Amino acid sequence: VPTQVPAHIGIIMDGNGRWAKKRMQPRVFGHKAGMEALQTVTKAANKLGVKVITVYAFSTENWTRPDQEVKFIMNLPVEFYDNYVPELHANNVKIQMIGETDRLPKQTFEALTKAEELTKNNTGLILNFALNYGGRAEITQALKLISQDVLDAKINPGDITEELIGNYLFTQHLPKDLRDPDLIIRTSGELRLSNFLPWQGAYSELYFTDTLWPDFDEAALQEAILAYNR
Amino acid sequence: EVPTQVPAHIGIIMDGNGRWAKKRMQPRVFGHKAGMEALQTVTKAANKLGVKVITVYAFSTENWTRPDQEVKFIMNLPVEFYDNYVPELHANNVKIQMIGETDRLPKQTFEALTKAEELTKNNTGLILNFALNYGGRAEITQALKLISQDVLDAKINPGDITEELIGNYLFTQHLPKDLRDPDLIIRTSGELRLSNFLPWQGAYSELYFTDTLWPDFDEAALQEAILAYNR
Ligand SMILES: CC(C)=CCC/C(C)=C/CC/C(C)=C/COP(=O)(O)OP(=O)(O)O
Ligand SMILES: CC(C)=CCC/C(C)=C/CC/C(C)=C/COP(=O)(O)OP(=O)(O)O
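As you go down the protein sequences, you meet chains B and A in turn.
Just so you know, we're using the authors' numbering here: the first sequence kicks off at 15 and counts up by one.
Just so you know, we're using the authors' numbering here: the second sequence kicks off at 14 and counts up by one.
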């Protein structure tokens, strides 16, 4: 007290399966508890004044998992709209999603878009869902849009700068001093980066903890925000 | 007794040269020569263990802000490395290559690096990859800029733009494709930041952070990192 507080926190949610397996619970059950954890962390971050949280929800590598697990994860955003979005909306939380939408189920996409439309005037923490998201994939579509704007002569290749590429990423919709996470948290002891915000996180502080994501709570968020330092 | 999985490509963020020198009542710059000394040891030790590539982050484009003197001292480093160290890497079958923006390097530095390359270009052992005047976002921007230029020239259709394609335009394009991406990225001196190092290529790397300062990082410390690698 007082610590510097990260304005934008990225979160890689690991341990849902381990958390469920450790408790003699089905694997998928763990992913709902991870969503339960997110409500706690999202509320707690809002209390401390964090401006943005980007949580990695469903990476593009994830579709390989057995259909059932995919079907179960994809239903998660449906209950979140019915059962969780009201409390975040009551807490002034803005919900946004980045990632590839075209390949989502309809019930999932509608629940996400409704959650957005519900909260679009809210002025607190922005909960930014990364769904069907991959960093390399994100940069490639941005490089494609730029190629197409270069052929259309809206921009000359000379106009392509770091500032410019930033305006074409899926995080373009965040305000500019908040587009890049100040901190990226990964739980469950994994020290890999897994294609999460490779551009935007290029200078981020990293925080790795053995705590499993469903066990990550206000206290664990606070252990991470203190440890932020520079 | 059992074998450890060993990373084929190791990225190394060399931190702590200044801390190392201040801790030893030595001038700040002296630590950076010791940082280069550490690199010979680490480079030699990795070659013994069978690592195919090391990309060491030498001079990031943000580093030019430092006092001219420190820059002047670092930039002379590749001259002594050619005279005093490249022969031993060459005797050890080490290939020397550099990635980053060369156009804005001093001439004695660029010439020492390019000769170092030409001397060792046929060597078939570990590839010591110097990242000099390098920044990941800048690397990707030049990669995305050239592609826009090849699309206007109609060499590639916008439809040909894939992840595999962007990979061929990065500074790591000259490496073999199964080796372009580091399997492990080491950062010394306790820093848990990424500092713009291979943002594309390292997207899936295992990370290893150690409090050891770079000039004290040796074969033993390299082995602590290759062991800790796991999958
Ligand atoms: C969009 C939305 C409402 C999200 C709410 C929370 C949610 C759906 C989290 C699931 C994220 C995910 C795929 C975790 C995989 O962990 P894992 O199975 O790799 O964990 P393990 O390493 O223990 O197996
Ligand atoms: C052949 C060749 C190029 C050899 C160079 C070897 C060498 C001196 C590498 C160190 C590069 C560097 C700028 C270190 C500064 O670390 P710091 O202690 O200032 O770290 P910080 O970013 O954590 O402050």
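Idealized CB from N, CA, C, for every residue including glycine.
(message) Just to confirm before moving on: does the CB-CB distance between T225/B and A216/B stay below 7 Å?
(response) no
(request) Can you say whether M111/B is buried or exposed, counting buried as having 16 or more other CB atoms within 10 angstroms of its CB? (result) buried
(message) I'd like the span of the beta strand (DSSP E) that includes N142/B, first residue to last.
(response) 140-147
(message) Beta-carbon distances below 6 Å to any heavy atom of ligand 1 define the shell here; list its residues in chain order, please.
(response) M27/B, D28/B, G29/B, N30/B, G31/B, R32/B, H45/B, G48/B, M49/B, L52/B, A71/B, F72/B, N76/B, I87/B, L90/B, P91/B, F94/B, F143/B, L145/B, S202/B
(request) Measure the C-alpha to C-alpha separation of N170/A and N181/B and round it to an integer number of angstroms. (result) 23 Å
(request) Within the region 74-138 of chain B, note down every full beta strand (DSSP E) run reaching 3 residues or more, in order along the chain. (result) 108-112
(request) Return the residues of the region 185-215 of chain A that lie within a Cβ-Cβ distance of less than 8 Å from chain B, sorted by chain order. (result) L205, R206, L207, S208, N209, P212, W213, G215
(message) Using 7 Å as the threshold, is the C-beta distance between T185/B and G29/B below it?
(response) no
(request) Can you tell me the Cβ-Cβ gap for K128/A and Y95/A, rounded? I've got them flagged as a contact below 8 Å. (result) 6 Å
(request) Please list the partners that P171/A has in chain B, where partner means a Cβ-to-Cβ separation under 8 Å. (result) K158, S161, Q162, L165
(request) Report the neighbours of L220/B on chain A: residues whose CB is nearer than 9 Å to its CB, in chain order. (result) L205, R206, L207, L220, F222
(request) Would you mind sorting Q214/A into buried or exposed? The rule is 16 or more other CB atoms within 10 Å of its CB. (result) buried
(request) Could you check which residue in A156/A, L145/A, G148/A, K108/A has the C-alpha nearest to that of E130/A? (result) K108/A
(request) Indicate the three-state DSSP secondary structure (helix, strand or coil) for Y242/B in the structure shown. (result) coil
(message) Quick check on this structure: which residue in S208/A, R193/A, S218/A has the alpha carbon closest to the alpha carbon of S218/B?
(response) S208/A
(message) Let's see if you can read the secondary structure: which residues bound the alpha helix (DSSP H) around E219/B?
(response) First-last for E219/B: 219-222, but that is the beta strand (DSSP E), not the alpha helix (DSSP H).
(request) Could you tell me whether the Cβ atoms of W33/B and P228/B are closer together than 7 Å? (result) yes
(request) Sort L159/B, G172/B, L145/B by Cα distance to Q162/A and report the nearest one. (result) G172/B
(request) Drop a sphere of 10 angstroms on the beta-carbon of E152/B, count the other beta-carbons inside from all chains shown, and report buried for 16 or more, exposed for fewer. (result) buried
(message) Starting from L197/A, trace the beta strand (DSSP E) in both directions and tell me its first and last residue.
(response) 197-200
(message) Checking 7 Å against the spacing of the C-beta atoms, do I23/A and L197/A come in under that value?
(response) yes
(request) From the DSSP output, read off the bridge partner residues of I23/B. (result) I67/B, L197/B
(message) 7 Å is my cut-off, CB to CB: does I174/B come that close to chain A?
(response) yes
(message) If you measure between the beta carbons of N60/B and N97/B, is that distance less than 7 Å?
(response) no
(request) Leaving out five residues on either side along the sequence, give the residues of the same chain with a beta carbon under 6 Å from the beta carbon of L159/B. (result) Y182
(message) Whole angstroms are fine: how far does the CA of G149/A sit from the CA of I25/A?
(response) 14 Å
(message) So, at 7 Å on beta carbons, what are the nonlocal neighbours of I174/B in its own chain, with the 5 sequence-adjacent residues on each side left out?
(response) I160
(request) State yes or no: is the beta carbon of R79/B nearer than 7 Å to at least one beta carbon in chain A? (result) no
(message) The alpha helix (DSSP H) that contains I179/A, what's its start and end?
(response) 176-182
(request) Identify the continuous alpha helix (DSSP H) that holds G44/A and give its terminal residues. (result) 41-62
(request) Drop a sphere of 10 angstroms on the beta-carbon of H45/A, count the other beta-carbons inside from all chains shown, and report buried for 16 or more, exposed for fewer. (result) buried
(request) Excluding the 5 residues preceding and the 5 following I199/A in the sequence, name in chain order all residues of the same chain whose CB lies nearer than 6 Å to its CB. (result) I25, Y221, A238
(request) Please say whether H103/A and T133/A have beta carbons closer to each other than 7 Å? (result) yes
(request) Return yes when the Cβ of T122/A is within less than 7 Å of the Cβ of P91/A, no when it is not. (result) yes
(message) To the nearest angstrom, how far is the alpha carbon of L52/A from that of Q18/B?
(response) 35 Å
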